[PDB]
There are 2 protein chains.
Amino acid sequence: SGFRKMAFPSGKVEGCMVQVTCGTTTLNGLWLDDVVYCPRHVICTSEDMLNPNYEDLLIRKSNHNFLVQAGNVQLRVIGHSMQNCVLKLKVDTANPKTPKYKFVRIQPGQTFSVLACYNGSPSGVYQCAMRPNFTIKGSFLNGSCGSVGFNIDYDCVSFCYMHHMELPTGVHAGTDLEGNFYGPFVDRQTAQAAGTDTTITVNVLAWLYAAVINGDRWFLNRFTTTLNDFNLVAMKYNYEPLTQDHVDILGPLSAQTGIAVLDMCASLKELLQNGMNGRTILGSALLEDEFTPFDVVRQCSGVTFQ
Amino acid sequence: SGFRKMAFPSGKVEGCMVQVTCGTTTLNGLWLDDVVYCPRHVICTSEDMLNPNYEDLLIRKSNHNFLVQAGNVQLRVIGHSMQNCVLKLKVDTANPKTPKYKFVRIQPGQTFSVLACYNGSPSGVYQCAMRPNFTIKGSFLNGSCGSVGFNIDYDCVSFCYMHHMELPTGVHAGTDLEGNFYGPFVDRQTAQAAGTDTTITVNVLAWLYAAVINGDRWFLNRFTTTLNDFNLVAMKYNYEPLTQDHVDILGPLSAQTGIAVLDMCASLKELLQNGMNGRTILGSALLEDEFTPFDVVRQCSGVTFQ
Ligand SMILES: *[C@H]1Cc2cc(C(C)C)ccc2Sc2cc(F)ccc21
Ligand SMILES: *[C@H]1Cc2cc(C(C)C)ccc2Sc2cc(F)ccc21
């Protein structure tokens with residue numbers, strides 16, 4: 001028993017992290033097979049970031065201007081290209097530690113692990129969610145760009161995020177591994193504001209199920225609700241609307257606990273209307289929304305990775 | 001910017017995890033050089049755990065009764081011994097992935113990362129603290145025993161915890177890697193109750209510093225206090241007494257922020273007396289106490305590991 005905000009084991013990704021330096025600028029890259037993926041703004045100075053013309057800045061760069069270092073060993077760059085907002089640096093050596101992997105573009109509400117790195121070296125691992133406004137709430141200092149987010153299914157790493165930007169409000173924006181930003185964000189130092197940070201309703205419900213499983217049940221009540229009635233409260237509290245698809249996804253947790261999804265919605269509705277009255281749920285005094293239903297099932301079942 | 005509950009990169013420890021089976025019972029072991037460390041209750045059945053005589057149960061076990069598997073490859077056991085509450089299984093092959101390591105016995109209030117494993121396979125990583133009552137609040141299902149807790153300084157893994165028991169109240173107990181339990185707990189299925197779960201005051205103060213650094217400052221007030229006056233409030237709220245040693249440890253965070261330690265104590269005192277009035281600090285609605293001062297400095301500075 002016990003329920004913790006739990007990241008995937010990070011070793012498979014650690015083996016892929018390298019340093020990339022272009023002129024004055026150093027950040028992180030991801031070495032898979034014979035390609036190193038990194039943010040294209042490695043080519044920019046701080047000045048350039050106000051108004052960069054990436055294609056023009058790139059003209060002045062040759063393969064030998066991209067210094068790529070894997071631990072203590074230098075990699076030879078034999079080609080480079082820009083794809084959307086990432087550079088692909090072809091090197092002459094396949095990474096011997098390349099895991100089975102996929103590139104995935106995740107949907108808002110999905111969770112993933114981040115391996116925060118500096119100078120190609122891992123500093124720590126933590127769990128994030130893609131927020132409904134397409135930001136993430138991470139921990140990224142200068143030099144962390146190129147750190148990645150990922151999920152693992154058994155033996156296969158699904159990379160879903162690369163870090164590129166901190167907004168002035170302190171939240172974080174980045175791309176998939178094809179270099180397309182999540183949301184409307186651009187790799188420019190401008191006024192980019194995030195929209196409403198709505199709460200991921202299906203994840204809160206999953207977490208309430210996790211609570212019940214792991215002993216915390218004070219919030220269960222005598223009531224039920226309907227999808228439309230619940231969503232009238234969701235809107236008021238800036239929660240995502242709950243859909244039939246969400247109910248279906250919660251089916252397995254409903255079956256394990258015997259608590260109908262709509263009954264748990266009535267519990268959540270009461271918590272939103274009345275607060276927690278100074279009580280806690282799984283050690284938190286607010287409603288946690290960065291566990292997916294699949295996260296709850298996995299952690300409560302002990303699924304492992306090859 | 002951003003501040004997250006952040007675990008150490010887990011790869012160095014992943015490479016040390018093995019499966020240990022004795023008769024009917026399977027749990028995890030830690031393979032360093034040519035020794036596998038695991039909980040001695042691998043030799044017990046569920047029945048045995050009510051009242052085990054470990055020395056008597058061990059007499060019936062030979063080297064070939066301890067099945068040790070590292071991924072798909074079986075290790076040959078050439079000797080075994082019991083040290084306190086762990087078994088040391090000597091195998092004929094040194095782990096080629098052995099990192100630089102130390103065994104450390106930590107003090108209450110110190111934090112560490114846990115690599116939760118099942119059947120020798122990693123499932124996830126998260127950050128814990130040794131509570132003042134010598135429990136930890138983990139996420140451990142049946143089969144997780146032998147999972148370890150650790151810290152990393154650059155290239156060297158300091159192992160500090162091995163998981164052995166879940167108390168009836170759902171919190172967790174275990175040993176250092178010499179097999180000595182933290183606190184009064186024993187590897188028996190009995191009535192073992194945990195004492196008061198007091199809050200780690202110096203860690204809360206460190207976390208308030210982290211908040212100020214990362215933008216959250218609404219709780220700063222016009223007041224100061226003294227150690228003795230603050231501790232009169234600490235006692236009331238089941239917080240550890242703050243000592244001069246603690247103040248000294250917070251010195252560097254005091255210097256970076258310009259907020260005197262005793263001024264931050266006055267902020268904390270107001271938060272304890274008045275609550276948070278429905279506000280949040282670094283995304284939490286309660287006072288977080290599982291970040292040490294060194295954790296805050298590390299995460300806010302971007303320290304990395306070899
Ligand atoms: C990473 C990216 C970054 C790039 C540059 C150069 C001008 C290209 C300067 C500064 C940064 S700072 C940064 C800050 C964060 F909070 C997260 C990621 C980065
Ligand atoms: C791990 C240890 C464990 C051992 C046995 C045998 C009888 C030796 C049975 C059950 C367990 S269950 C367990 C449960 C937890 F929550 C955490 C660790 C273990």
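Just the heavy atoms: all of them, side chains too, but no hydrogens, waters or symmetry mates, feed the values below. Every chain is numbered from 1, with letters handed out A, B, ... down the list of sequences. Atoms within each ligand, like the ligands themselves, are counted from 1 in listed order.
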Let me see the working for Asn63(A) and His80(A) under side-chain hydrogen bond (donor to acceptor under 3.5 Å, both in side chains), right down to the final yes or no.
-> CA-CA 6 Å; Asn63(A) 293 334; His80(A) 67 274; 2.6 Å; yes
Output, in order, the C-alpha distance, side-chain angles, deciding distance and verdict of salt bridge (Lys or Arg N to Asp or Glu O under 4.0 Å) for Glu290(B) and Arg131(B).
-> CA-CA 9 Å; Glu290(B) 298 203 346; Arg131(B) 307 302 312 170; 2.9 Å; yes
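For ligand 2, the atoms lying closer than 4.0 Å to a non-hydrogen atom of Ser144(B) are 17 (C), 18 (C). Each of the atoms 15 (C), 16 (F), 17 (C) of ligand 1 lies under 4.0 Å from some heavy atom of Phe140(A). Atoms of ligand 1 lying under 4.0 Å from any heavy atom of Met49(A), numbered from 1 in the order shown and given with element: 7 (C). Residue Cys44(A) has at least one heavy-atom neighbour below 4.0 Å for each of these atoms of ligand 1: 6 (C), 7 (C), 8 (C). Near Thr25(A), the atoms of ligand 1 lying under 4.0 angstrom from a non-hydrogen atom of the residue are 6 (C), 8 (C).
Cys145(A) SG, 2.8 Å is the protein heavy atom nearest to atom 19 (C) of ligand 1. Of the protein's non-hydrogen atoms, the one nearest atom 9 (C) of ligand 2 is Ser46(B) OG, 4.6 Å.
At a heavy-atom distance under 4.0 Å, only side-chain atoms of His163(A), from C-beta outward, approach ligand 1. Contact annotation: for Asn142(A) versus ligand 1, heavy atoms closer than 4.0 Å belong to both the backbone and the side chain. In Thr45(A), the part holding a heavy atom less than 4.0 Å from any atom of ligand 1 is the backbone.
Protein heavy atoms are found inside the 4.0 Å sphere centred on atom 1 (C) of ligand 2. In this structure, atom 14 (C) of ligand 1 has a protein heavy-atom contact shorter than 4.0 Å.
Take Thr21(B) and apply the side-chain hydrogen bond (donor to acceptor under 3.5 Å, both in side chains) test, not counting sequence neighbours, and it matches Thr26(B).
Residues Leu50(A) and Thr190(A) share a closest heavy-atom pair of O-CG2, 4.2 Å.
By the 30° and 60° cut-offs, the orientation of the rings of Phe150(A) relative to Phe8(A) is tilted. Between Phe140(A) and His172(A), the ring planes are perpendicular. Angles over 60° get that label, and only those under 30° would be called parallel. Ring geometry for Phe291(B) against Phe3(B) counts as tilted: the plane angle lies between 30° and 60°, on a 0 to 90° scale.
Taking a 4.0 Å cut-off on heavy atoms, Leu27(A) fails to register as neighbouring ligand 1.
Here the shortest heavy-atom distance to atom 4 (C) of ligand 2, taken over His41(B), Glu166(B), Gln189(B), belongs to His41(B).
Considering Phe159(B), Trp31(B), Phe103(B) in turn, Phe103(B) is the only one that fulfils the ring pair (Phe, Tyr, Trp, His ring centres under 6.0 Å) rule with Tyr37(B). The only option from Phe185(B), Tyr182(B), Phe181(B) that meets the ring pair (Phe, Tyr, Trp, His ring centres under 6.0 Å) definition with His164(B) turns out to be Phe181(B).
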